[PDB]
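# return a 3D structure for these sequence lines:
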Amino acid sequence: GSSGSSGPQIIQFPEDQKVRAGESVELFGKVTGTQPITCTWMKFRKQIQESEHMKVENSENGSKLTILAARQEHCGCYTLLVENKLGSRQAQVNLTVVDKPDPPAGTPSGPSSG
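Numbering: from 1, shown residues only. Structure as follows:
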């Protein structure tokens, strides 16, 4: 007798977001299924390389991909792959790097400035 254990799936994952050049982002994709479970972080059909700019923490709950000192090149669509004796899965998320400060303000009764 057994219930579920169909395959690795990503129920949680970040969507198209932005990031300031130099800031720090944390992209985690919760995965469910039957452990052990493999998880790889790639981008634009290119496996990411763990470095002082991009860190990865592979764990049960899922896989995380930290981006230190976000660079202009870091900007792009990533892909979280998760394979396991059961099956496999692949997600996608768009990212954009901005080296500009906070956006302009001009809302009525907003920041209450001026």
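# next, residue 51: phi, psi?
Note on residue 51: its backbone torsions stand at phi -150, psi -180 [degrees, to the nearest 10].
# nearest residue to the middle of the chain?
In the chain, the centroid-proximal residue (Cα atoms, centre = their mean) is residue 27; its distance is 2.8 Å.
# how much space between that residue and residue 3?
Going from residue 27 to residue 3 by Cβ to Cβ, to the nearest Å gives 30 Å. From N, CA and C alone the C-beta is placed, and that goes for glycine too.
# which neighbouring elements make contact with the strand or helix carrying residue 41?
Using DSSP states H and E, residue 41 sits in strand 38-43. The helices and strands touching strand 38-43, judged by 3 or more Cβ pairs under 8 Å, 6 or more residues apart in numbering; DSSP states H and E, are strand 62-67, strand 76-83.
# and the ones you listed, which is most packed in?
Among those, strand 62-67 has the highest mean neighbour count (mean count of other Cβ atoms under 10 Å), at a mean of 20.
# list the strands paired with it, with their directions.
In the sheet, strand 62-67 lines up against strand 25-32 (antiparallel), strand 54-58 (antiparallel) (DSSP bridges).
# about what we covered before: columns distance to residue 40 on top of the helices and strands packed on strand 38-43, output as a markdown table?
Output for these, formatted as a markdown table (distance: least, Cβ to Cβ, whole Å):
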| stretch | distance to residue 40 |
| --- | --- |
| strand 62-67 | 8 |
| strand 76-83 | 4 |
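# can you tell which of those is closest to residue 45?
strand 76-83 (7.8 Å; Cβ to Cβ).
# so in that sheet, which strands flank the next helix or strand after that closest one, and in what orientation?
For strand 76-83, the following helix or strand on the C-terminal side (DSSP H and E) is strand 88-90. Strand pairing for strand 88-90, determined by DSSP bridges: strand 76-83 (antiparallel).
# and the partner strand, how far from the chain's centre?
Mean-position distance between strand 76-83 and its chain equals 8 Å (Cα atoms, centre = their mean, to the nearest Å).
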